[PDB]
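Report on the structure given below.
Here, each number is a calculation from the coordinates, and none is a lab measurement. Please note: Cβ atoms are built from the backbone with ideal geometry, for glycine as well, and neighbour counts cover all protein chains shown.
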Amino acid sequence: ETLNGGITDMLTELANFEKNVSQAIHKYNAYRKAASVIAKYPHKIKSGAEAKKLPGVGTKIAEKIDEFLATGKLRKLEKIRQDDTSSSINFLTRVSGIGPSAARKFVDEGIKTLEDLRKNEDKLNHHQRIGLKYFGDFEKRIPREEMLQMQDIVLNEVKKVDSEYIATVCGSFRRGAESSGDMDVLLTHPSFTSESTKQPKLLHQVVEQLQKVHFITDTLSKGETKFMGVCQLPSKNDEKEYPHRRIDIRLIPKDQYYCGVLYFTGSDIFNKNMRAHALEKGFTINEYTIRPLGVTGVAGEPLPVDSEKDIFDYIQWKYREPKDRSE
DNA sequence: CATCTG
DNA sequence: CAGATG
Ligand code: NA
Ligand code: NA
């Protein structure tokens, strides 16, 4: 957590560059397990050889460690941090919908900046467009102060279109968290389930409404159960208008709402721990269900959920308020 | 994993 | 359809 700090840190710094600049998924994958292991390691690694002794730790890495422990730097790391080429890739990518794969092709055509982008707006798809349009707006985090106002609005709407809908704004929001990164509502409906053969309107009907009132300003992608777009709070009495923000909407069969809802509320940690224990309790869990675990190795058959309560209970536990689902 | 491009 | 993004 701090005794192998730099090691795992330069490790990760490399892994990144493998995957992002080079297409080097293998190496990327390499740099990664090591950074994980020296990470879980208890000693203050003092040498490459000490290190090498570890699974994951080969020789290439062991060498970089020696050089690093030897000098405050690493050259390869120093060379990469300059390379206008390697830089551009970390940049472009920042753009919504510009992945690495893309980041390359652009840079090669020589699209290196926002300016470059704008100039060639023609070559980017719709997604990358919105993405470039709201680049600032998208980096800013969301205040819970706006978070509430947002949720207020969405919640009123859905109810409006159908009393039978169920929505929830998961995430950090859900945990307290003074600020979010983007919004995600989890949708459901009595009339939506595992077996029930669809109801698409179910998603679109609400989407529609969102725009009717003009909250949702653009669509990133819409499908039959998942929606990805842009939104905005109305600007009061003209002088102060809100930044454009990211939002996601998604359909769930009323039969797996809770698990999703649980799951999606996080944190990741509260998840595994819940998960690990649920294993003891002779259970199994994922984003969708809870299954009575068999002995013969594994077993299934979905247990019933009516609130995040039912699940907790299943595994015999303390029902947590979202606030305390940290870890 | 679900949507999108093409 | 493969491949990419989130
Ligand atoms: Na991106
Ligand atoms: Na292939």
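A Förster radius of 41 Å combined with the Cβ-Cβ distance from A:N16 to A:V213 puts the calculated FRET efficiency at roughly 0.50. What's the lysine pair count for the range A:84-140 at a Cα cut-off below 19 Å, pairs eight or more apart or interchain? Summing the qualifying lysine pairs gives 6. Note on A:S87 and A:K240: their simple-model spin labels are 3.7 nm apart, each label 7 Å out from Cα toward Cβ. Between A:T284, A:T219, A:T197, the residue with the greatest mean-square fluctuation in the GNM of chain A (Cα pairs under 10 Å linked by springs) is A:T197. Pairs of Cα atoms nearer than 8 Å and 6+ residues apart set the relative contact order; for chain A it is 11 percent. Working from Cα pairs under 8 Å separated by at least six residues, relative contact order for the range A:1-83 is 27 percent. Label zone (A:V298, point 7 Å along Cα-to-C-beta; backbone nitrogen cut-off 18 Å) within the range A:250-282: A:272, A:275-282. Just to be sure I understand: with springs between alpha-carbon atoms less than 10 Å apart, which residue in A:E157, A:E67, A:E308 has the highest mean-square fluctuation in the Gaussian network model of chain A? The residue with the greatest mean-square fluctuation here is A:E67. Taking the DSSP beta bridges with both ends in chain A, the antiparallel portion is around 75 percent. Only beta bridges with both residues in the range A:162-272 are counted; by DSSP, about 70 percent of them are antiparallel.
Here A:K40 is the anchor, and the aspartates and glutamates within straight C-alpha reach of less than 15 Å, apart from those fewer than 8 places off in the same chain, are A:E1, A:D9, A:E50. For the range A:1-51, trypsin sites (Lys or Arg not before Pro) are listed when DSSP marks them as loop and at most 12 other Cβ atoms sit within 10 Å of their Cβ; the list is A:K44, A:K46. Of the residues A:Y314, A:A299, A:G266, the one whose Cα sits farthest toward the positive end of the charge dipole of the range A:243-327, with +1 on the Cβ of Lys and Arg and -1 on the Cβ of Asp and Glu, is A:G266. Here the Karplus relation 6.51 cos²θ - 1.76 cosθ + 1.60, evaluated at θ = phi - 60°, turns the backbone of the range A:159-166 into coupling constants of 4, 3, 6, 5, 5, 5, 6, 10 Hz, with x for every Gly and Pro.
The alpha-carbon of A:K33 sits under 27 angstrom from the alpha-carbons of these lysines, leaving out residues fewer than 8 places away in its chain: A:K19, A:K44, A:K46, A:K52, A:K53, A:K60, A:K64, A:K73, A:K76, A:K79, A:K272. The H on the amide N of A:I142, modeled in the peptide plane, is under 5 Å from the matching H of A:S180, A:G181, each at least 5 residues off or on a different chain.
Diagonalise the Cα gyration tensor of the range A:84-140 and give the resulting equivalent ellipsoid semi-axes, square root of 5 times each eigenvalue, largest first, whole Å.
Semi-axes (√(5λ), whole Å): 16, 12, 10.
The calculated 222 nm mean residue ellipticity attributable to helices in chain A amounts to -13500 deg cm²/dmol, summing -39500 (n - 2.57) over DSSP H runs of n ≥ 4 and dividing by all residues. Rounded, prolate or oblate, given the Cα gyration tensor of chain A, with a/c below 1.5 counting as rounded? Oblate is the answer for chain A, as a/c is 1.5 or above yet b/c matches or exceeds a/b.
Scan the range A:193-247 for trypsin sites (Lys or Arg not before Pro) in coil per DSSP, keeping those whose Cβ has at most 15 other Cβ atoms within 10 Å, and list them by number. Answer by residue number: A:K198, A:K236, A:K240.
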